[PDB]
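Remarks on the structure that follows.
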Amino acid sequence: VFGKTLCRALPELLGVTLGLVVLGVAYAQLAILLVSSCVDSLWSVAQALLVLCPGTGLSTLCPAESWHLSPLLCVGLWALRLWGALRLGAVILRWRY
Amino acid sequence: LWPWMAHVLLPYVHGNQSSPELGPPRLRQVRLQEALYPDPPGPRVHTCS
Amino acid sequence: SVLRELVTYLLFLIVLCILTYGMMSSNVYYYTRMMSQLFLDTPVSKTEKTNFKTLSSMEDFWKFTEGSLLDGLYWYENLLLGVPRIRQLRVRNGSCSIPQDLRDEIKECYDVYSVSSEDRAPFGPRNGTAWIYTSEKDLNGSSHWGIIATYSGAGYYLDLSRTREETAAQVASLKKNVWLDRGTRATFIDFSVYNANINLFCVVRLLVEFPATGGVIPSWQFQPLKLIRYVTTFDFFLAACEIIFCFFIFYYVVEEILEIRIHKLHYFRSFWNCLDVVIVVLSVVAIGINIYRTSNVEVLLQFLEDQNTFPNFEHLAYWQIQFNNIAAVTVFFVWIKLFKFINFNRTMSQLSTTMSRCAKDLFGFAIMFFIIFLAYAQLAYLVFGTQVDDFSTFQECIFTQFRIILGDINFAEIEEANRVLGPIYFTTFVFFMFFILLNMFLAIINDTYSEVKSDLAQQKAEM
Amino acid sequence: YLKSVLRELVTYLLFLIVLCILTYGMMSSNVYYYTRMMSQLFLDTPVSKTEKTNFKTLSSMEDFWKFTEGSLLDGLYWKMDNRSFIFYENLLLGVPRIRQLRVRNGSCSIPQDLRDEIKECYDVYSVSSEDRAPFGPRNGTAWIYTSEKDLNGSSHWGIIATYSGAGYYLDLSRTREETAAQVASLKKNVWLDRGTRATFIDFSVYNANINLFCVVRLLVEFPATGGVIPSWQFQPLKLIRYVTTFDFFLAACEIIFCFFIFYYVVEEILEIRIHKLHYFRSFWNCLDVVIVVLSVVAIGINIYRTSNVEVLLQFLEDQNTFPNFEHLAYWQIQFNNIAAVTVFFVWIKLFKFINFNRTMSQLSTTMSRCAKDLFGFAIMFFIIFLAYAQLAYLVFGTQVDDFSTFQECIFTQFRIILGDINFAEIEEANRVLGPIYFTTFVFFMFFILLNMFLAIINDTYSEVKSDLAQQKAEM
Amino acid sequence: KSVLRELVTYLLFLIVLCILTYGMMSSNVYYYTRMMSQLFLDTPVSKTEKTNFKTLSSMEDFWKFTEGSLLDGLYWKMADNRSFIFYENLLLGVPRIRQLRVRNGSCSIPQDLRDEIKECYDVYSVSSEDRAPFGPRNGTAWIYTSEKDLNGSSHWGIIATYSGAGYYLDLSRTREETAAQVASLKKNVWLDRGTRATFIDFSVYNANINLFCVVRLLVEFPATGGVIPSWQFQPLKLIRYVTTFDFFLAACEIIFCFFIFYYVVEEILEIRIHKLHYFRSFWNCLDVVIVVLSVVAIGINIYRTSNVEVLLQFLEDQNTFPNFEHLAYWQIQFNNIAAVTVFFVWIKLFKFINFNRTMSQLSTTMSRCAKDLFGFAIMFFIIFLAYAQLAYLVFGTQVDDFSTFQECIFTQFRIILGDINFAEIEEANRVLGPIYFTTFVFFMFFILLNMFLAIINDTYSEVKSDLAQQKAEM
Ligand SMILES: CCCCCCCC/C=C/CCCCCCCC(=O)O[C@H](COC(=O)CCCCCCCCCCCCCCC)COP(=O)(O)OC[C@@H](O)CO
Ligand SMILES: *[C@@H]1O[C@H](CO)[C@@H](O)[C@H](O)[C@H]1NC(C)=O
Ligand SMILES: *[C@@H]1O[C@H](CO)[C@@H](O)[C@H](O)[C@H]1NC(C)=O
Ligand SMILES: *[C@@H]1O[C@H](CO)[C@@H](O)[C@H](O)[C@H]1NC(C)=O
Ligand SMILES: *[C@@H]1O[C@H](CO)[C@@H](O)[C@H](O)[C@H]1NC(C)=O
Ligand SMILES: *[C@@H]1O[C@H](CO)[C@@H](O)[C@H](O)[C@H]1NC(C)=O
Ligand SMILES: *[C@@H]1O[C@H](CO)[C@@H](O)[C@H](O)[C@H]1NC(C)=O
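Chains as they are written, first to last, in the entry's author numbering: chain C, 4014 to 4110; chain U, 3723 to 3771; chain H, 219 to 293, 311 to 698; chain F, 216 to 295, 304 to 698; chain S, 218 to 295, 303 to 698.
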């Protein structure tokens, strides 16, 4: 049964992951247009309700010539998990099972 | 770089110890023939240009 | 029918992305990080070890003012715009009431800073302007909203000079007569620099607060205002992108106005309709403050010639910060608006239907969740609100709890502050948040998905 | 809908507003910074100009002697007879007091085999095995045991044990020179022997600007195995409440709260006389009973805490003695805890009234019908949690320091879910059965236990929604 | 029914076990080992250096530590008076130092390279050990002593498992003589390129409480170069019967032995009379597992407590090194066995929590979904091990967290918790670095974590539905 469901819920999972890609891109755009404003004080809400992917718990801020592709994917993917956006997959899988 | 080589690298090569080097070292340079005018020190520049 | 809107929105999103990349690698803020270390991260003098960020006494403040402060102001190398200004706020003796029980041992008594209990009388040698009270209007000042209070724009001000020796002598004179008495509550030091080698403008404001108990609390604010100029075709290309983004908004607003002459109020039922107005107002506010910035950059750029007047420019950094926040939020919202358009297939259709059908129950459980969240926040504020420094104020408690939800606990100060009722709060919060409360949104979403799928399957089979 | 529910609602909001005003008035700002500056002055200051050691990082008795003659005297006495102002605002009240608790030699039973080579044994601290005899130059209160009653003391509940209020005490002076001479004479004669088990330092300040006393207590524990364990306590109090008009407003609010509590008490007692006798089958009634009990306890604590302020009057009569402000601080802490608990409960009581539409009613019914299954599964979840905690306590209970105590094990296990642990120290403490515990715990905690909770919630919500939909549809 | 008898007996057994575990896990002896470790591990090797034992780098650092922080922490000043480390901890006898080395010529080099290099030393092995005198051959520090003559045993260090033999020296009771001995060892070079391991051993008593402490510090010199330090502080109790609580613990231990004998008899009788299958229950396999573990623990305790002859030998001559390593090893083994046994005894409580309709259906759901959970967990673990082997083969030489296979497994389990550093993994490989992390997180939190939920929810739903329908239609 298991693999069958994995090959039977593929279109819905692809739609959900497309939505997740859009949301993660939006967050990464939002989460780097205000960490670029590093200086020494970003904001109140944006400093608490923000997610950075594991590693460097205390942010070093100021991504000077170091905003490479890999950290953006890292932070977007990890922010997608913390907020429980990935658990939405269960909503599909359970029904299929 | 020259003090670092004087204090670290040279004692590591000729300073007989375990795991011998098996071959002399070498330094290789490219000139670029296009001597660059440097930006004044301070804020960083985007990688290289 | 819907293709033209899609292509216009795609062009708009491409333009917005090119502007977003334009204001992302300008290296305007690493500049201020570099100059933050010049003033903040520097020992007060040769023999001392503490810097501005770790000030703990009034004498440290005096040593810093005539020490490290007089280094950055008078030579990387920068140019001083006009002269720097330093001012204080102070309260009057007797502003509070000593209890009769022990009035025979304590004579002097001061209060927490407030407008109702603010000093307005001259003190010391009444020669200069630092010993006379000047009103807020006469100073062109405004509130600051500091750490422990909100300070008005009035006080006892003294603008410094252009040469290092004159300012050093003047602050030495300010030292000879006691100018920071026990009545002072806050002190401001603000100025601006030029930095000829790279066209960057910096506005600097440093604040030192003296609480009613003792010690000092330092704070800083550096803002790099930038002046727009075209040298290559790349920044001229960015200007062209700015103007095309400018008159995309005109098309959007005229299209908005044209379609409202038919519908009276039916425009507010649709969620996607009430997002266009938010986008429009937010973008027009951003572009308005941006165009106001340039009208103030003028005259400012010619201020470095021989001016001995204080460059009053604190009204611009606040709007710069607001512009940054507005740009970030509008980028997020336009990306969400792009997220709207994906309804091509039937799977995306049923996902959108599920979300639209479950939004209301999501809002209701959000209300319940916020009630419980506020209950825990108040409990944490009342328990740990005086030792931990993460629960010092109510908003700090709320933000700390939100950070705890995302896994950022400390648990050392919480344990030390209360060995019992400290661990209980943390354990109960974690248990009831990560096992019960946050598992109720997903139940609603799952049930809505099941009902939507069943309804679609039943309705498609019959027709 | 009716008049009764509206009256209950308006009464509950009036009570909530009164309690919110009461809690806001006793939690003013600028009180955190008072204690923070006090701690920074007394804890973080190095014991000497040539050493990096402070109170928080004490390591031996010589470091303690350096601190007592060093940063303590520097931070206690400020110059400007005469009086001392700490930050030119905080007035030092009376004199500080030092106290020592020690055990007696011969409180052990050395094994016969090793008896020939070891002659001295001192037990860990206990009331039944504590010294009560003079020692050294017995010509003062520092070399003579003073009973708990004669010292007006009480227990402390430190880190290792719960110490008594008695011991050998010395009252210091008002000026720095006399206190320094006293400490020098107290150190030249060996006052801290191998039998010393605990040391206390106590004092207080006023800070007349605001009306807020501060009581400072520093404790140093000497375990029987050697070493030093420091701890501190800074506590702000208010003993001269009625000064400004806001204090009168707070007193009026307290009286209004007392009237509200009396009304709730009389309503609940009148309800259970014959009508609905033994009515504990409803959750809201039990919640109301709990709130009433907590409020009555808080009121009783408050009544018998502001009445016994005689110590303040005695100190004000003669300001050359030691002010005793420890019972007041203890009862203030207890009152704060009770107030926080009761305000949390009265806040979560708000769910009785949020049923204004069908969505909130459905959510309330779903939460109501989840309680039984959730409790049933929580029993098993906590059984497994306690089994893992006991295993971790037995395995890592002596090396890691995050599993050094059973409750510490429970808290560390709760933190593991949050993923803020090290795993290097626990892996180096046991190369086998250490990583096994971690991996097995993570697997059985994220894959088998959370999903069961969410499955129960999902099934209950679906059943409740179907039942409610069938109800109105059939109607 | 008859469950009441079993419940009462199990409750008594659990109470006895909890009393025994509380007795063995005594009052705060954490601070004992904490003070000892912080005295010996965290102290810098010199007043000018910043390095300690935990961060040793080379052999000269080891020599500085030996005549340094070690001598400062060992001998405390207060005819040749003894040393009290904290004025409470008594240093028993003298400490002992030992060295394990390989021989020159245990190593083959290519014949075309035998012109510039002459000496290479193999990695440590029993076959390539050095058993010949070297240097100024005078005493036991320059003469090989067999493992049997040293009363030693293997250790199983980090790099390899080391023998109980080598070249050893017994230090003195005073600081001056030990310093002279160490200086003599250093002057006539004792740690050359052939050395592979160094051990330092001693013990203390701390007569206040009744608890010996055994300290062993090991330093490994791998063939590739470098230094790897490790430590071990172990508390023991060898004079048990002193106070009344000791007699109470002995009585509890005897009661535990009686309970174990009763359980063994019941198990044998109830498997012999009938129920020859006996293993399709999972409540009879747990019983035999508990019995086996408890019998192993009892045997270990009996064999260990009778071998206290080393204490008697030391107490009649207190100028020699006391051998307490075997007792520490067996104490660690006993602690592990007891912890596992008590964990399983606590787990056994699930057999009795069935007393209302709510608690029965949860057990039924778990028992019904166990098969499907195992079936999917097989595939989940196969995919997990595929990820682990890929990570080990790719990042296993540069990251310090994928150097061993089990370390890769633990690293992935920590990645699930989010306790990882993404910076280190990407700089080891610009490509295939981010890909690994991204695909791992995605396929682990979006797919594998949700199939478990699907299975569990379906099983619970069907169980509750059928139970309610058959109960309400009867
Ligand atoms: C502003 C317009 C749109 C803004 C869009 C921005 C939204 C930003 C991303 C959201 C995620 C997508 C929906 C996810 C909700 C559905 C799934 C879900 O909620 O998961 C559960 C709760 O998780 C959670 O934290 C839940 C956090 C809150 C998300 C639930 C939705 C709240 C919406 C309330 C009003 C909506 C209607 C009004 C909008 C106009 C369990 O999680 P999990 O076990 O894995 O615990 C892991 C632990 O580390 C995190 O707590
Ligand atoms: C402050 O005012 C009080 C009011 O009585 C007075 O007694 C005292 O002398 C004043 N102190 C100073 C600093 O002048
Ligand atoms: C205050 O602002 C006014 C209006 O620009 C200006 O004339 C004046 O110089 C400012 N303050 C002073 C120096 O009086
Ligand atoms: C301590 O007690 C022992 C045994 O009771 C006794 O021999 C000794 O004299 C006492 N005093 C000292 C200082 O050891
Ligand atoms: C304890 O309180 C009584 C109350 O009058 C007082 O006389 C006595 O001095 C206090 N004890 C000490 C040690 O001061
Ligand atoms: C080590 O052995 C080699 C022969 O394998 C020999 O040439 C060399 O002298 C030896 N090194 C010494 C004597 O330390
Ligand atoms: C090994 O133990 C025996 C006692 O059985 C003892 O005589 C001998 O000295 C020990 N070995 C060493 C190296 O001390």
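Note that the Cβ used here is the ideal one computed from N, Cα and C, for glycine as well.
Residue i beta carbon near ligand 2 (any heavy atom closer than 7 Å)
i: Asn412/H; result: no
Residue i, buried or exposed, once every other Cβ within 10 Å from all chains shown has been counted against 16
i: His498/S; result: exposed
i: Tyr486/H; result: exposed
i: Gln622/F; result: buried
i: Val428/F; result: buried
i: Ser4050/C; result: buried
i: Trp570/H; result: buried
i: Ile492/F; result: exposed
Heavy atom of ligand 5 within 7 Å of residue i beta-carbon
i: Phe538/F; result: no
i: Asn375/F; result: yes
Any non-hydrogen atom of ligand 3 closer than 7 Å to residue i Cβ
i: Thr544/H; result: yes
Other residues of its chain near residue i: CB distance less than 8 Å, five sequence neighbours each side excluded
i: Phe308/S; result: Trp293, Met295, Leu314 and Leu315
Own chain residues within Cβ distance below 7 Å of residue i, not counting five before or after
i: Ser518/S; result: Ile484 and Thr565
Where the beta strand (DSSP E) containing residue i begins and where it ends
i: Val438/S; result: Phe436 to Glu444
i: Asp425/F; result: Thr419 to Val428
i: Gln458/F; result: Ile452 to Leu460
i: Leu324/F; result: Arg320 to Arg325
i: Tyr227/F; result: That residue, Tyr227/F, is in no beta strand (DSSP E); its alpha helix (DSSP H) goes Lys218 to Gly240.
Cβ-based neighbour list, residue i, same chain, cut-off 6 Å, excluding 5 preceding and 5 following
i: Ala365/S; result: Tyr391 and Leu393
Any non-hydrogen atom of ligand 4 within 7 Å of residue i CB
i: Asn432/S; result: no
i: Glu343/F; result: yes
i: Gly329/F; result: yes
Contact test: residue i Cβ vs ligand 1 heavy atom, cutoff 7 Å
i: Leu473/F; result: no
i: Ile640/H; result: yes
Alpha helix (DSSP H) segment containing residue i, residue limits
i: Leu393/H; result: From DSSP, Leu393/H is part of no alpha helix (DSSP H) but of the beta strand (DSSP E) over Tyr391 to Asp394.
i: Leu641/H; result: Per DSSP, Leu641/H belongs to no alpha helix (DSSP H) and is neither H nor E.
Report task. Could you please tell me which residues of the stretch 4044-4075 of chain C, in chain order, have their CB closer than 9 Å to any CB of chain S? Result -> Close to chain S, meaning a Cβ-Cβ distance shorter than 9 Å, are the following residues of the stretch 4044-4075 of chain C: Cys4066, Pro4067, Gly4068 and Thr4069.
**Report entry** Members of the stretch 4090-4102 of chain C that neighbour chain H once the beta carbon cut-off is set at 8 Å
**Finding:** Correct list: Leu4095, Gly4097, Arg4100 and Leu4101.
Requested in this report: Could you run through the stretch 523-550 of chain S and flag, in chain order, every residue whose CB is less than 9 Å away from some CB of chain F?
Outcome: Going along the stretch 523-550 of chain S in chain order, one finds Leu535, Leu536, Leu539 and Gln542 with a Cβ nearer than 9 Å to chain F.
Requested in this report: Could you please tell me which residues of the stretch 550-565 of chain H, in chain order, have their CB closer than 9 Å to any CB of chain D?
Outcome: In the displayed structure, chain D is absent; the protein chains listed are C, U, H, F and S.
Query raised in the report: Using a beta-carbon distance cut-off of less than 8 Å, what residues from the stretch 240-256 of chain H approach chain U?
Result: From the stretch 240-256 of chain H, only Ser243, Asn245, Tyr248, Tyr249 and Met252 have a Cβ closer than 8 Å to chain U.
Requested in this report: Give, in chain order, every residue of the stretch 419-449 of chain H whose Cβ lies closer than 8 Å to some Cβ of chain U.
Outcome: Taking 8 Å as the cut-off between beta carbons, the residues of the stretch 419-449 of chain H near chain U are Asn432 and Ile433, in sequence order.
Report task. Give, in chain order, every residue of the stretch 638-660 of chain S whose Cβ lies closer than 8 Å to some Cβ of chain F. Result -> For the stretch 638-660 of chain S, the set of residues with a beta-carbon nearer than 8 Å to any beta-carbon of chain F comprises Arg638, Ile640, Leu641, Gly642 and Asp643, in chain order.
Report task. Output, in sequence order along the chain, the residues in the stretch 661-675 of chain H whose CB is closer than 9 Å to any CB in chain F. Result -> If you check each beta-carbon in the stretch 661-675 of chain H against every beta-carbon of chain F, the ones closer than 9 Å belong to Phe661, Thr662, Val665, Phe666, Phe669, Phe670, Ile671, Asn674 and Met675.
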